[PDB]
Structure formats: structure tokens, C-alpha cells
Ligand SMILES: NC1=N[C@@]2(CO1)c1cc(-c3cccnc3F)ccc1Oc1c2cc(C2=CCCOC2)nc1F
Ligand SMILES: *[C@@H]1O[C@H](CO)[C@@H](O[C@@H]2O[C@H](CO)[C@@H](O)[C@H](O)[C@H]2NC(C)=O)[C@H](O)[C@H]1NC(C)=O
Ligand SMILES: *[C@@H]1O[C@H](CO)[C@@H](O)[C@H](O)[C@H]1NC(C)=O
């Protein structure tokens, strides 16, 4: 009864699986993003002269018998850029072909995607798996709608993200259960503080034994739609100096690959349990073979911030369970090889 969704892994930075929209299903690749709450894919009704209109697969409402028109225009903004379009209603299949059919799901037909962001993305769109409180246009999210249709037993979903770039599979989303093959030991849970993002209280962050960040407590979100670990700019700048990383030309922080195994252990201490990240795990190897820091400084302003983002680096190292029945997040050491 729980549904397994294969995930592809692009350079440890993007994790996306296949879904279907319409009857017959039109296949789209989406990032299952716990940092938003809307489902949107590109539309055929984009414009010939926009470059985003030539990149990803497009929703064609003519070819769907289950399509019904909503038409309400939407406009979505965030850090990297923005997109806009109008809403539609159709059946959503997970996966595109064991699977389930979510009926009467309102989503977004993106007709304009300015910026250079979406050109870099190997995925067509986004399926938000956050709370309804951050859903633009107050659109009932996919997971909320599927639980209303009682399509899985448990009001939970779980993420395995393989941080081995060449390994297979790239990851696995588990709708309605948890996959014990992909984690050792037992799960330990944190209560969600703010039901908007998957927000969590963090007691402190220890970079070795000489630098303590998030001093006196701070707030964090568990976000599968963010590649790296993100914290306040000033705090992460201390972290990069403590590990000796220097900013490159593009902004990435680099550290010589010889010095990796001599770098301190970084412990995220939240909710009575401690979560270790050894230097081999919070430092990425990119191609030349150059080693980059897994941390990124970004000031998220109020009311949402300041926030730490436990992105794919953290989730790829700890199997994560998102639980809407008891509003809590679970962690367990992910199985490797
Ligand atoms: N968690 C998170 N999702 C992102 C940004 O941060 C987002 C992430 C990505 C992204 C990029 C690279 C790898 N993985 C990703 F998920 C791409 C597009 C994108 O685009 C959006 C995102 C979030 C949002 C939200 C809109 C309204 C609610 O607040 C966030 N909107 C987007 F268009
Ligand atoms: C989809 O279109 C409808 C009507 O064009 C929009 O209005 C919703 O309609 C429902 C029908 O029962 C009413 O409860 C409300 O007037 C609206 N619902 C909500 C949740 O706002 C609607 O906004 C559009 N989008 C969605 C996601 O329903
Ligand atoms: C989390 O919240 C639930 C709500 O009742 C409570 O039962 C549980 O003890 C809480 N856990 C912690 C660690 O505070």
C-alpha cells in the first residue's frame, strides 16, 4: 500500500522523480520539495521567444479527458527568481505508471519563467510537500489531497537520498511509510515548531570543539529542495574559516582535498539527540577534481528567517521521515556501502 518513487541524482545537487498529469498521463520530472507547497509544471501555452519555453516537458490540457479549467492566474516569488501562470485541475499519477491516482488536484500551468535558474534544472517542475500555510493561492497540496482521498495507510512520507553520485538508485521517496532498507538503527523524532515549513528547533551547532554556532538555540527547516546546508552569513563565514575553506570565483568555498580528512566533526544538536557529519560527508567532490564545502551562507530575513536549512547534504546522510499525523520529523543514519 505504501508507494515507492525512484529518484534520480544529478551531481548530489538535484533529486527528482517522475510523476504523471492527465489521462493518459503526461510524464513530468519534479523535485519533491518539502520547502514549498505547490505543484507546477511548464505549459505549452508559453511564448516562442522565451528560452524557458524550450527546456522542459510541457502540460497540454487538450490531451487530457480529466482536465477541468480553473484559470486563476498565479505568481510565485522566491530567492533565485520567480515564475507565473494560471491554475488547472487534473489527475496526478505517482509514479507516471503500485502507483496511485490523485483525483481533482489543482496545480499550476507555468507560462512565464524568467531568470537563468530553470535552465540549470534537470527537472521540469516542483511538487511541494510542506504545510498548506505556505501554499500560494491557498491551493490544497498534493500530499494533503491524497490523504483526504485516503490513498495510503499512514499520514507520513520519507526520503532516502543517495549521496554517492554514481550509485543507484539516486534516492527514493516513500509515500505512506518508511523504508528500513535505507537506514540503520531506530528513528528519533523532533516536534515541528512552526507548521509552515518543516521547521524544527535546534539547540546549538558545534564545528569541532572551538566554534559553536546557533548559540543559545535557533530554528531550522528540513528542506529537500535545497542542495546544501544553509545558515546565517556571518555564522557560516566563521565555519568556513574554521575549516580553512576559501571562496572561489563563482562564490563556492573550496578546500584542498588533502586537508579533508583532518577537518573537524560538525555536530547538529537538536531535540536531545546529536547528529554528526564527518568531513567526508559535508564536503562535495566536483569535477579537474575539486573539493567544495557543503555549507552556504544566506541571510533569510524575517518573518520566515533567520533559519538554518538542513538540505540534501544532511538528508542524504540521515534518512528523514516527514510525519503529518503527529507533526514531527524523524532521523536515522542512512544505509551506505
Ligand atoms: N526549498 C526550495 N524550493 C525552491 C527554493 O527553495 C526551489 C528549489 C529548487 C531547487 C534547485 C536546485 C535543486 N533542488 C531544488 F529543489 C528549484 C526551484 C525552486 O523554486 C521555488 C522554491 C520555493 C518556492 C516557494 C514559493 C512560495 C513558498 O515559499 C517557497 N518557489 C519556487 F519557485
Ligand atoms: C479552483 O477554482 C475554484 C472556482 O473557480 C476556486 O474557488 C474555490 O472553489 C471552492 C469550491 O468548493 C470553494 O470552496 C472556494 O470558493 C474555493 N476554494 C478554495 C480552497 O479557495 C479555487 O480557488 C481554485 N483553486 C483551488 C485550489 O480550489
Ligand atoms: C512532541 O509533542 C507531543 C505532543 O503531545 C508530545 O507528546 C511529545 O512528548 C513531544 N516530544 C518532545 C521531545 O517534546
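Checking each residue in the range 11-40 for being assigned to a strand (DSSP E or B), within 16 Å of ligand 2 (Cβ to nearest atom) and under 9 Å from residue 127 (Cβ atoms) picks out 39, 40. A single entry from 71, 108 fulfils the requirement of being in contact with a strand residue (DSSP E or B) (Cβ under 6 Å, 6 or more places away or on another chain), assigned to a strand (DSSP E or B) and surrounded by fewer than 18 Cβ atoms within 10 Å (Cβ to Cβ): 71.
Under the condition of being out of contact with any helix residue (DSSP H, G or I) (no Cβ under 8 Å at 6 or more places or on another chain) and closer than 16 Å to residue 173 by Cα, which residue from the range 148-157 is nearest to ligand 2 (Cβ to nearest atom)?
151
Of the residues making up the range 160-167, at least one is in the same structural domain as residue 3 (by CATH), buried (at least 17 other Cβ atoms within 10 Å of the Cβ) and assigned to a strand (DSSP E or B). Can you name the residue in the range 127-159 that is at positive phi and exposed (fewer than 14 other Cβ atoms within 10 Å of the Cβ) and, of all such residues, is nearest to ligand 1 (Cβ to nearest atom)? By that ranking, first place goes to 138. When we screen 127, 83, 146, 140 for residues that are in a helix (DSSP H, G or I) and under 21 Å from the mean Cα position of the chain (by Cα), the only hit is 146. Screening 116, 92 for residues that are assigned by CATH to the domain that holds residue 152 and within 24 Å of residue 151 (Cα to Cα) leaves exactly one candidate, 92. Could you list, in sequence order, all residues of the range 109-126 that are closer than 26 Å to residue 24 by Cα and more than 10 Å from ligand 1 (Cβ to nearest atom)? Selection gives 109, 111, 112, 124. Within the range 293-324, being assigned to a loop (DSSP other than H, G, I, E, B) and either more than 16 Å from the chain's Cα centre (by Cα) or not assigned by CATH to the domain that holds residue 206 (or both) holds for 298, 299, 300, 301, 302, 303, 304, 305, 306, 324. If you go through the range 6-37 and keep only what is over 13 Å from the mean Cα position of the chain (by Cα) and surrounded by 19 or more Cβ atoms within 10 Å (Cβ to Cβ), you end up with 18, 19, 20, 21, 22, 25, 26, 28, 29.
What is reported rests on the model, the rules as stated and the sources as named; none is laboratory data. For neighbour counting, all protein chains shown are included, and Cβ atoms are generated from backbone atoms with ideal geometry for every residue, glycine included.
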